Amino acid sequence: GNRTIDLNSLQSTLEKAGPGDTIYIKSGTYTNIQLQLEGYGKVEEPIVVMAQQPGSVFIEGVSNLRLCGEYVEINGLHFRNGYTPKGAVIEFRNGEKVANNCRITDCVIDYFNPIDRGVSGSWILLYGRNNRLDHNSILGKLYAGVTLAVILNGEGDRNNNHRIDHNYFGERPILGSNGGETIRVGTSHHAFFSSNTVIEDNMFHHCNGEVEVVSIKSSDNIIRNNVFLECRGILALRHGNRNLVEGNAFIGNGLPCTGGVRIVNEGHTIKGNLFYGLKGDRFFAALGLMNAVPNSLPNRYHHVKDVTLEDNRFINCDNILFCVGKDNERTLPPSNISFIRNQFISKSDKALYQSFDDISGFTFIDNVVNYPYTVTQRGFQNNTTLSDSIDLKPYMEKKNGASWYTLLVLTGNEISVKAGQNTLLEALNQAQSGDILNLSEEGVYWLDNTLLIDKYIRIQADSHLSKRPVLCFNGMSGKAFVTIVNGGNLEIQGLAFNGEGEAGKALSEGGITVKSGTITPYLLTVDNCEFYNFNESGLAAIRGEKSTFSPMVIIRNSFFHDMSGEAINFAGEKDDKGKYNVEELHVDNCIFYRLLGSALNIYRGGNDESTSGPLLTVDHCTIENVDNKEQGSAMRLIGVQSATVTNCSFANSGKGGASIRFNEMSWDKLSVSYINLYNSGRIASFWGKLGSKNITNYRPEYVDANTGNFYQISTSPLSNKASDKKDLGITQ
């Protein structure tokens, strides 16, 4: 019954296959193939569909797979360079039939994404009973939707005893919204049903989609012996009762937003887990036992009770939170909680645990602690001999992923660009990824079209020039000077952007923008650039459009002036559904002068608790005559979960509204210090708790604001008053 066929004949061949047959798949690249598979083996003799040699059967293009029947194994498929058109990439069902006792192993899904970010769907969907998903490598999902979900819609899908083991769940970048889980087991609608799913011996590496790496929303599951290495997320016991969390390793290595386990519901056991180097806070914390809503509806937060945590090791964990989430709705503290024989070791002077409500429901027995201070809590014992040295390699040596599967730098090439009609446009089109475009002479670099950045490129002014090369737009249809699309990564330095507008030609739509729907995460670095003469209110010099995302945007040493619109806009997600477009934005040593719109506008709206960002740092910026209209904001930072504004100067700005505006949650980490505000609007927030470390009101004294020199004169009271002893505002 052994056959060696190509993939197109698999469906009819699998139907004719009998128990024990082996169907070998010829090597090749199959494009636009929707496999609908049905086969029936038996417990002693399964039907094995295998790549003739694994790792050389490529399923590309508009493709997906559906599997139903009994005792059918599929081995050695490689999904890449394509996208699923309808459901998931792999489903354990086919029409109305499900797959039982089937197995998908030694397969790879590798950046199986479409070209537009504005879609949502899964990659692997589990149905039926007693199916196994093992030794697979899944990585690179760039759009919304959980990577792998266990569905419990029908009785045939519940009490599944599905085994998700020895897989490598690789990089999943920050989605910027809810819906970026790597694994979800159940939903709120079937939460109190038993799923009996086993997730064991898996490797979660850089699974950073959202707060939940694994979202358990069903009952009586087992999550054991997994490794979460540097994941910006947690294991969430979100819905359902009696889940077992045993022998897992949460290895954050001191990286940001790394967490462990967040607990809701009743009856769980958390035993023998390693919590190592976790920096996450609140819902990202190393450990969290939530407050709950009394008599909660199915989709809210149910009472945490009858939970035993024993023989866990909390090594260098920043935040261990009891009653986390307490507010006017989640008013019910955990009850009948037992911490037994746990080990707490930390080198930092953070609290052992933090409580946000009464913890009378907690019992502590024979816990041992080694912190830099003496713990005087009943049920804890200090031991200064405990070492925070841990042997992590037993977690790093475990075999995971497909057996045959293994796995932003310059080229060094520089392209000189003279001035002319389209010198920069043709230099970019001749450039490879990693090339440097060196504008070699001063003058006007005209552009009839946008510079489309679909690769990694660096555009710089030659270091010998004494003035910034000026970019001007003389096209017939409105575009931005630079447009980042799929695959683009941009560092730009020393360039001036003049959107003046030419006679008889279209107006430019901004300086740098990222095309909406761009599915590849992009990096943007702007250094010593200039933006001016954009004279419509709806434009921005630098804009991250809706349905785009960057993990890191850096803007430094730049000059934004004489514009009717904004300078930096990352406020496109206006639907108040928790979405945002930049994880970390850093603004350094920038001048904002004579703008009708905001110097900076970042927005994340809604009450969603599923994300970490955006994070913002603003340092040594000078804001002069910016956004004085009624209810304007010189800086609009709504929903920024972490903001640090330091060593800045606001003058004659925000007079009709606010110089800096927040609409913050009480737990948002906002730090506004060393700010000079002269004849400017107030620093506006909802709770009024930003404090007032070094808030001055001196009159700034520029060297020569007419020639663009906004440094302070040496005798100005803004001199040497920054926290780093440099100048308030731009400096050095």
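Counting begins at 1, following the sequence as shown.
Visitor: Does the chain run continuously from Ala503 to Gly504, or are deposited residues unmodelled in between? Answer none, 1 to 3, 4 to 9, or 10 or more.
Guide: Gap size class: none, per the record.
Visitor: Test of understanding: from the entry's C-alpha B-factors, which stretch has the higher mean, 680-688 or 27-35?
Guide: Stretch with the higher mean C-alpha B-factor: 27-35.
Visitor: Please work out which of 411-419 and 594-602 has the higher mean CA B-factor as recorded in the PDB entry.
Guide: If you average the C-alpha B-factors of 411-419 and of 594-602, the larger mean comes out for 411-419.
Visitor: With respect to the C-alpha temperature factors reported in the PDB entry, which of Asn709, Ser723, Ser12, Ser716 ranks highest?
Guide: It is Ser12.
Visitor: Taking the values straight from the PDB record, which of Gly209, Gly280, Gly538, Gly544 has the highest C-alpha temperature factor?
Guide: In this record, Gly538 carries the highest C-alpha B-factor of the candidates.
Visitor: Which third, lowest, middle or highest, does the CA B-factor of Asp704 fall in along this chain?
Guide: Highest third, going by the recorded CA B-factors of the chain.
Visitor: Should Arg378 be placed in the lowest, middle or highest third of its chain by the C-alpha B factor in the entry?
Guide: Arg378: CA B-factor falls in the highest third of its chain.
Visitor: Within this chain, which third does the Cα B-factor at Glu509 fall in: lowest, middle or highest?
Guide: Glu509: CA B-factor falls in the highest third of its chain.
Visitor: Consider only the C-alpha atoms of the modelled residues in this chain, order them by B-factor as the entry records it, and name the third containing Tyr405: lowest, middle or highest.
Guide: Top third by C-alpha B-factor.
Visitor: Grab the CA temperature factor for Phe364 from the record and place it in the lowest, middle or highest third of its chain.
Guide: As the PDB entry reports it, the C-alpha B-factor of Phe364 lands in the lowest third of its chain.
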